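This document opens with one chain alone, in C-alpha cells, the form deposited in one PDB entry.
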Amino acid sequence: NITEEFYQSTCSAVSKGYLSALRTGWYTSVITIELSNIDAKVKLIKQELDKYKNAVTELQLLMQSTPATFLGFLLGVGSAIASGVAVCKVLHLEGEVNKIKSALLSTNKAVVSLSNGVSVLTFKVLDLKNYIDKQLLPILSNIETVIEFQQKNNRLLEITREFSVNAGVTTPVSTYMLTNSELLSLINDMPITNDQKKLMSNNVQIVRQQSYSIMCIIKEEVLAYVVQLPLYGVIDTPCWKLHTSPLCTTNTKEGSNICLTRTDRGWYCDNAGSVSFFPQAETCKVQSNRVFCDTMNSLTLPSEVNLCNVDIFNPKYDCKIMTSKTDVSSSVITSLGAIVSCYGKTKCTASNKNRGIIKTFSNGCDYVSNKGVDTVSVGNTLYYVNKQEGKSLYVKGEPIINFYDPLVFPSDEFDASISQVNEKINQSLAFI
C-alpha cells in the first residue's frame, strides 16, 4: 500500500508504505578457479590454449599492486572494499591458499577458517585443471573437444576481460563472476537468517548491484577472487520518500520574488530508534514496495526530522531549507503524482493521453495525482508520471513563503534552516 501526501504550504510531498532493506555490513566469500600448469583440430586447440595461458599471465600481471577503487555534501567518506581487500591481503600469507585448495579437494563448497580467525565461505566454480589435465594433455582429436574446451575456457576469458577494464574490481558482480545458480546456492549456504536468504534470493539482481568482485591472487594453480556481498541488517522497517520543489512568491514585477526549497529531500527509513536519511538520488533502488539503500550514503538523524513534513515550524527539529530569488519553473515527478513549480510566463499543464490538457496550473506550487493524469508539461519539458497504483492526499495550506518580508529575506542561503533564516531576519530587523 503506497500512499502520498502533498503539502501545499511547503511545496513538498511524502510517499510512504515502503519497506526497508538496508545494506549495513559486508560478507566476504572466496571464489576459486582451479588452473592447470602446462592438423586443423589440434591447431584450434593450441590457439585456445594460448588464450588460456595469456589470460593467466594477464591476471598475474594485473595484481602486482594492492586492489583499490541537495544534502549529499554532508555525507562522510567510506572505503567500500576495505573489508574484501583485507580478506584478500590475508590470502597472500604463506599457507593460506593451500588451506583453501585442501578444503575444496573433494567438494566445491566449504567454509574455511583463515589464519586471522576470519571464517569465509569458499567456492570452486570451475575446475580447468581437471579438464586440461585429463582431456587435453593426452592429445598433445575431434571437433567436439574443440567446442567443449572453448565453452569451458570462455568463462576464464570473460572474467579476465572484466578485471582488465576495471583494474581488478568490478561492480555489479556479473554472471561470469558468479552465475545465478552459483549466487543462489552461495546465499543458501550463507550463515544468515531465513528472512535475509529469502530477501537476497528474491532480489538477486539488486544483490549483484551492491556487491564487488575483487581479483585477489593467482598461486599454486589456484585463481581466487573475493566476492564482497551485502549484509542487510535492517529489513522491513517503514521507509518514505520526500520530494521537494521551489516555493516562490508570484508577484508580477520580475526579480521582486523570493523563494525557498526544502533541502531534506531523499529517502528516509526508520532504523534502530533513529532515521537513516539518504539525500542522494539513485543511491536507493525500489523493487515494488521494497527500497534497497546503503547506509554508507546516509546520515543518522533524530526521528523528529519527520515533523518537518506536517509542521515545518515545529520546535523539536530545525527543518532545513535553501533560499533564493531564482523563480524558474520545473516539475518533480513523485511516486504517485507530480509537484509543479510554475512561475513567470511558463505554460504549465497536466494531460491525459486520451483527452489532452485537463488542468492548467497558475503561478505557484501545485500538485496533481497520477489518477487520470498521464503527463505534465512545464515549459518545453514533458514529464510522464509514474502509473503506480496508490492514493494521494492533497493537504491544503498557505504557502509559507507568504509569511516573509522580502525586504529582509536572506536569499542565496544553501545550507540553511527555519531557525537560521529567523536568526538572520532578526539581525536585519535590528539594524533597521
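Rigid core here is just the name for the largest C-alpha set that superposes within 1.5 Å across the two forms. Heads up: residue numbers just count along the shown sequence, starting at 1.
Chemist: Within the set of other compared PDB entries, does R355 lack a model in a third or more?
Modeler: Modelled in all the others, so no.
Chemist: I'd like to know whether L242, which is modelled here, goes unmodelled in a third or more of the other compared entries that cover its flanking residues.
Modeler: Across the other compared entries, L242 is absent from none.
Chemist: Report, from the record, the number of residues in the deposited sequence between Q47 and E48 that have no coordinates, as none, 1 to 3, 4 to 9, or 10 or more.
Modeler: Gap between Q47 and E48: none, chain continuous.
Chemist: Unmodelled stretch from the deposited sequence between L140 and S141, which bin: none, 1 to 3, 4 to 9, 10 or more?
Modeler: Unmodelled stretch: 4 to 9 residues.
Chemist: Name the higher of the two by mean Cα B-factor in the PDB entry, 378 to 386 versus 59 to 67.
Modeler: Mean CA B-factor is higher for 59 to 67.
Chemist: Got a sec? Mean C-alpha B-factor, which is higher, 279 to 287 or 228 to 236?
Modeler: Looking at the record's C-alpha B-factors, the answer is 279 to 287.
Chemist: Per the entry's Cα B factor values, which of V332, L247, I132, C88 stands out as the maximum?
Modeler: Spelled out: the listed residue with the top C-alpha B-factor is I132.
Chemist: Using only the C-alpha B-factors in the record, can you name which of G84, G72, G255, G273 has the highest?
Modeler: When the deposited C-alpha B-factors of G84, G72, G255, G273 are compared, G255 is largest.
Chemist: Mind checking which third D366 falls in for C-alpha B-factor across the chain?
Modeler: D366: CA B-factor falls in the lowest third of its chain.
Chemist: Which third of the chain holds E148 when residues are ordered by C-alpha B factor: lowest, middle or highest?
Modeler: Its C-alpha B-factor, which the entry lists for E148, ranks in the highest third among residues of this chain.
Chemist: Quick one: classify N98 as lowest, middle or highest third of the chain based on its Cα B-factor.
Modeler: According to the entry, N98 has a C-alpha B-factor in the chain's highest third.
Chemist: Ranking the modelled residues of this chain by C-alpha B-factor as given in the entry, is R23 in the lowest, middle or highest third?
Modeler: According to the entry, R23 has a C-alpha B-factor in the chain's lowest third.
Chemist: Among the chain's modelled residues, which third holds the C-alpha B-factor of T160?
Modeler: As the PDB entry reports it, the C-alpha B-factor of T160 lands in the middle third of its chain.
One more form of this protein should be noted, the form deposited in another entry, which is absent from this view; the next part is about it.
Chemist: Quick check for you: superpose on the rigid core, then look between the shown form and the other one for a C-alpha move of 2 Å or more. Which of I147, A82, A272, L93 is it?
Modeler: Comparing the C-alpha positions, the one residue that moves 2 Å or more is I147.
Chemist: Superposing on the rigid core, I want to see if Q47 changes position between the shown form and the other one - specifically a Cα shift of 2 Å or more.
Modeler: Superposed on the core, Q47 moves its C-alpha 2 Å or more between the shown form and the other one.
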